[PDB]
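What follows is one structure encoded as structure tokens, with my remarks underneath.
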Amino acid sequence: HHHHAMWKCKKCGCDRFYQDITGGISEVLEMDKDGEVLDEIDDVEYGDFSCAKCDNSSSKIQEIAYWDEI
Amino acid sequence: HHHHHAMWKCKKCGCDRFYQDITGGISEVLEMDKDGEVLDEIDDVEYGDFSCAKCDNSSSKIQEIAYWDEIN
Ligand SMILES: [Zn+2]
Ligand SMILES: [Zn+2]
């Protein structure tokens, strides 16, 4: 289910991509007297993909990248 | 462990359950499918302001919206 292939930036050839976290919410389950969250349940919203080398970004990886099979 | 030392309580509600906003950070995709779906990811979330789960009393500091009770 892995190592089947790889996406590559259509502009620079990088195969390592980011995904912006747009927002979300944390359900704090435990905190300490000093005020630090120790246990939580996050529900992050994911956003546009980006290229680690050139920053080519879009909502869909397809526009910014191609699938190179191994 | 500090996991039962006590509880924070809203200075308006008395509620002990708080949220923390996610201002948003960056994720690091490590495995994506031919369909374009993320499998493995390393998220670097940036957290924001606490908000009471009832009041909505909110601040960047839990100490401004709540007080620490003590289980003793
Ligand atoms: Zn690129
Ligand atoms: Zn409250």
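Chain labels A, B, ... are given in the sequence in which chains occur in the structure tokens; within each chain residues are numbered consecutively from 1, and ligands are likewise numbered from 1 in the order shown.
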Any chance you could list, as a compact mmCIF listing (two decimals) with N, CA, C and O atoms, in the first residue's frame, the residues in chain A that come up helix (DSSP H, G or I) when DSSP is run on the backbone?
# COMPACT_ATOMS: atom_id res chain seq x y z
N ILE A 61 -3.51 18.36 -5.58
CA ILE A 61 -2.15 17.98 -5.94
C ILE A 61 -2.03 17.78 -7.44
O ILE A 61 -0.94 17.93 -8.02
N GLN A 62 -3.13 17.45 -8.11
CA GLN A 62 -3.03 17.10 -9.52
C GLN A 62 -2.51 18.27 -10.33
O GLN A 62 -1.70 18.09 -11.25
N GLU A 63 -2.99 19.47 -10.04
CA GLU A 63 -2.55 20.60 -10.84
C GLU A 63 -1.07 20.87 -10.66
O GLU A 63 -0.41 21.34 -11.60
N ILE A 64 -0.52 20.63 -9.47
CA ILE A 64 0.85 21.01 -9.18
C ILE A 64 1.83 19.85 -9.28
O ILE A 64 3.04 20.08 -9.15
Pick out each residue of chain A that DSSP on the backbone tags as strand (DSSP E or B); I need them as a ChimeraX atom specification. /A:5-9,17-31,37-51,58,65-69
Selection file, C-alpha atoms, as a compact mmCIF listing (two decimals), in the first residue's frame:
# COMPACT_ATOMS: atom_id res chain seq x y z
CA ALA A 5 4.93 5.45 -6.57
CA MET A 6 5.34 9.17 -5.99
CA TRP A 7 3.96 12.59 -6.81
CA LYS A 8 6.37 15.11 -8.31
CA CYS A 9 6.07 18.86 -8.71
CA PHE A 17 4.87 18.22 -0.28
CA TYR A 18 3.32 20.20 2.58
CA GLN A 19 -0.34 20.76 3.41
CA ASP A 20 -1.38 24.01 5.07
CA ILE A 21 -3.50 23.62 8.22
CA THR A 22 -6.25 26.17 7.83
CA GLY A 23 -7.73 25.91 11.33
CA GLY A 24 -9.48 23.50 13.65
CA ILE A 25 -10.23 23.02 17.32
CA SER A 26 -8.67 21.22 20.31
CA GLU A 27 -10.76 19.53 23.00
CA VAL A 28 -8.62 19.96 26.10
CA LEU A 29 -8.95 16.81 28.20
CA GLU A 30 -6.25 17.50 30.80
CA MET A 31 -4.22 20.50 32.00
CA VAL A 37 -2.31 21.15 27.96
CA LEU A 38 -1.34 17.51 28.55
CA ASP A 39 -4.08 15.52 26.74
CA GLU A 40 -6.19 16.77 23.85
CA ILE A 41 -8.30 15.80 20.85
CA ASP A 42 -7.54 17.91 17.77
CA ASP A 43 -9.74 18.30 14.67
CA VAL A 44 -7.52 20.07 12.19
CA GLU A 45 -8.76 21.41 8.88
CA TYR A 46 -6.38 20.77 6.01
CA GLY A 47 -5.79 23.14 3.13
CA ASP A 48 -3.77 23.71 0.01
CA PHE A 49 -0.84 21.46 -0.88
CA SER A 50 2.58 23.02 -1.43
CA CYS A 51 6.01 22.03 -2.82
CA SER A 58 -2.91 24.47 -5.13
CA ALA A 65 2.21 17.46 -9.45
CA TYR A 66 2.31 14.28 -11.54
CA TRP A 67 2.31 10.60 -10.52
CA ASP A 68 5.53 8.76 -11.36
CA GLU A 69 5.09 5.02 -10.88
Could you work out which residues of chain B fall inside 6 Å of chain A? Count only C-alpha atoms, and format the result as a count of residues only. 13
Which chains and residue numbers are within 7 Å of ligand 2, counting only C-alpha atoms and all ligand atoms, if I want them as a PyMOL selection string? chain B and resi 10-15+52-57
Restrict the selected residues to N, CA and C atoms and save them as a short mmCIF file (atom, residue, chain, number, x, y, z; two decimals), in the first residue's frame.
data_model
loop_
_atom_site.label_atom_id
_atom_site.label_comp_id
_atom_site.auth_asym_id
_atom_site.auth_seq_id
_atom_site.Cartn_x
_atom_site.Cartn_y
_atom_site.Cartn_z
N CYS B 10 -13.95 27.87 34.69
CA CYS B 10 -14.27 29.18 34.13
C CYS B 10 -14.66 30.12 35.25
N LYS B 11 -14.16 31.36 35.20
CA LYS B 11 -14.50 32.34 36.23
C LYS B 11 -15.88 32.95 36.03
N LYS B 12 -16.63 32.51 35.03
CA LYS B 12 -17.99 32.96 34.78
C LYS B 12 -18.98 31.81 34.81
N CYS B 13 -18.70 30.73 34.08
CA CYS B 13 -19.57 29.55 34.08
C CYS B 13 -19.42 28.71 35.33
N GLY B 14 -18.17 28.49 35.75
CA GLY B 14 -17.80 27.31 36.51
C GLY B 14 -17.50 26.06 35.70
N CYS B 15 -17.53 26.13 34.38
CA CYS B 15 -17.26 24.96 33.57
C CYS B 15 -15.79 24.58 33.63
N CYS B 52 -14.05 28.80 26.94
CA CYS B 52 -14.89 27.96 27.78
C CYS B 52 -15.88 27.23 26.89
N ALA B 53 -16.20 25.99 27.26
CA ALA B 53 -17.11 25.18 26.46
C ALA B 53 -18.57 25.59 26.65
N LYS B 54 -18.86 26.53 27.54
CA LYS B 54 -20.21 27.05 27.72
C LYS B 54 -20.21 28.56 27.53
N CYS B 55 -19.56 29.28 28.45
CA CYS B 55 -19.47 30.74 28.33
C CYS B 55 -19.05 31.19 26.94
N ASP B 56 -17.97 30.61 26.42
CA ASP B 56 -17.20 31.11 25.30
C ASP B 56 -16.23 32.16 25.84
N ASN B 57 -16.15 32.28 27.17
CA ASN B 57 -15.14 33.14 27.77
C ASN B 57 -13.78 32.70 27.27
#
Give as an NGL selection string the residues surrounding ligand 1 up to a distance of 7 Å, considering only C-alpha atoms and all ligand atoms. :A and (9-14 or 51-56)
What would the file look like if the residues just selected were written as a PDB file, in the first residue's frame with C-alpha atoms?
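Everything below was put into part.pdb:
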ATOM      1  CA  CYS A   9       6.072  18.860  -8.714  1.00  0.00           C
ATOM      2  CA  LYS A  10       5.271  19.809 -12.292  1.00  0.00           C
ATOM      3  CA  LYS A  11       7.697  22.725 -12.013  1.00  0.00           C
ATOM      4  CA  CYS A  12      10.673  21.555  -9.962  1.00  0.00           C
ATOM      5  CA  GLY A  13      10.527  17.765  -9.631  1.00  0.00           C
ATOM      6  CA  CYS A  14      10.298  17.696  -5.803  1.00  0.00           C
ATOM      7  CA  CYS A  51       6.006  22.026  -2.816  1.00  0.00           C
ATOM      8  CA  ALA A  52       8.863  21.992  -0.372  1.00  0.00           C
ATOM      9  CA  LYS A  53      11.381  23.329  -2.913  1.00  0.00           C
ATOM     10  CA  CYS A  54       9.553  25.872  -5.044  1.00  0.00           C
ATOM     11  CA  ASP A  55       6.317  26.541  -3.092  1.00  0.00           C
ATOM     12  CA  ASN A  56       4.046  25.677  -6.052  1.00  0.00           C
TER      13      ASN A  56
END
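Picture a line from CA of residue 72 (chain B) to CA of residue 3 (chain B); it runs 12.9 Å.
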Please indicate the distance in Å from CA of residue 65 (chain B) to CA of residue 49 (chain B), rounded to one decimal place. 10.3 Å
